[PDB]
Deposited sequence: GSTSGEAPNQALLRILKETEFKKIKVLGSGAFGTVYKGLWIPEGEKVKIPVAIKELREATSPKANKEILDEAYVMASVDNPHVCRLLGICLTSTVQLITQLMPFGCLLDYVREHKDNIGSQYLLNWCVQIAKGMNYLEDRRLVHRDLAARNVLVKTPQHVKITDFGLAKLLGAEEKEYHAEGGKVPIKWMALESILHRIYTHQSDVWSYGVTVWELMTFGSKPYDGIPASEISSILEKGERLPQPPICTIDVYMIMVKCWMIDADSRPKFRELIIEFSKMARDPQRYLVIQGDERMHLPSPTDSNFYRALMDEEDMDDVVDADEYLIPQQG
């Protein structure tokens, strides 16, 4: 191959018979996420799943985006990345993925802030750095890393999801150039705002904002600031403030992800090392007051 490696991920087409929706987890304008049970026919297993369905197939552009997402989700495999189990084509395109029962990490930290200690926070930081580093290996720029897009399998185990903006860099490319469409401005590197240039180092900036979300127990970045005003305030030198529980050691890691020169920001592989060292003595780096279901198989244990 004159360039990249053949993507031999498998795309599993699942029968609608094989799974049963249980509850709505959430509805948007473009569709709904359900929780359900998948039961591969020949297997004596029931697998808890989230089922993400496009509301109405009457939007070829939409069907094209959700299939782009499924391509990406089908091609990743890492303990800290959400992988696609299969798709269902019935009338509405449905993505089937492993159910992450505690939901997204942003709502988790807001709901349980009075019971979240430094060990958890720094461990999450390690696990997200691991997921992102693995995506960097796969030459994949996420473009929407945020605490809303980290899911909670258990309080000890989180994974990166929402690959709807993710782009695959080529072997001869280093940057992605996008063209319109709503983008999460308050998580975007300055180069992404100004020139719509995206890089793994652009993702590192987003990682900085995501850590800041966690350390503030789900605070909104630049709360009350118009998204249009963000470009200018970031040029002037302004950054997110030091969260109360953060030592200078941790806040300085966050600030380095927000260096204007993108190459002098940390590598995800370095963020793994630094937070892992910190997670080894958590109270030195965060200061927090008070520190039939018989055939059910989690998806991480169903491997075909």
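Comparing the deposited sequence with the modelled residues shows gaps at 1-2, 294-314, 328-331, with numbering starting at 1.
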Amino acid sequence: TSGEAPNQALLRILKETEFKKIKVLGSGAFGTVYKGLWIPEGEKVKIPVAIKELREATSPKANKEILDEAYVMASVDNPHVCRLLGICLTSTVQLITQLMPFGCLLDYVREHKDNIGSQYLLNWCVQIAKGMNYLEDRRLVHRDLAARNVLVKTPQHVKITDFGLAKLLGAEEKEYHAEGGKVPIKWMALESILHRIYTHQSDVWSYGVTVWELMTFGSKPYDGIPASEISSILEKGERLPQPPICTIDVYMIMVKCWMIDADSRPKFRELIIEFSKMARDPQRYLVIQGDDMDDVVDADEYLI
From here on, numbers count along this sequence of modelled residues.
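Only the largest set of C-alpha atoms that superpose within 1.5 Å between the two forms is called the rigid core.
Choosing between 282-290 and 15-23, the greater Cα displacement from the shown form in 4 other deposited structures of this protein, fitted by the core, goes with 15-23.
A fit on the rigid core, followed by a root mean square over CA positions in 4 other deposited structures of this protein, ranks 161-169 against 212-220 and picks 161-169 as the more shifted one. Compared against other deposited entries of this protein, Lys236 counts as consistently modelled, with coordinates in all of those that resolve the residues around it and thus below the third mark. For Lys277, the fraction of other compared entries lacking coordinates, among those that model flanking residues, is zero, nowhere near a third. Judged by mean Cα B factor in the deposited record, 218-226 ranks above the other of 114-122 and 218-226. Two stretches are in play, 175-183 and 99-107, and the higher mean C-alpha B-factor belongs to 175-183. The PDB entry assigns its highest CA temperature factor, among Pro155, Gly131, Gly170, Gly86, to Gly170. You'll see in the entry that, of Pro40, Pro48, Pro266, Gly237, the Cα B factor peaks at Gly237. Ranked by C-alpha B-factor against the other modelled residues of its chain, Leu54 falls in the highest third. For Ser276, the recorded CA B-factor ranks within the lowest third of the chain. Only modelled residues enter the ranking. In the deposited entry, the Cα temperature factor of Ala29 places it in the highest third of its chain's modelled residues. For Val81, the recorded CA temperature factor ranks within the lowest third of the chain's modelled residues. The PDB entry assigns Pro243 a C-alpha temperature factor belonging to the lowest third of its chain's modelled residues.
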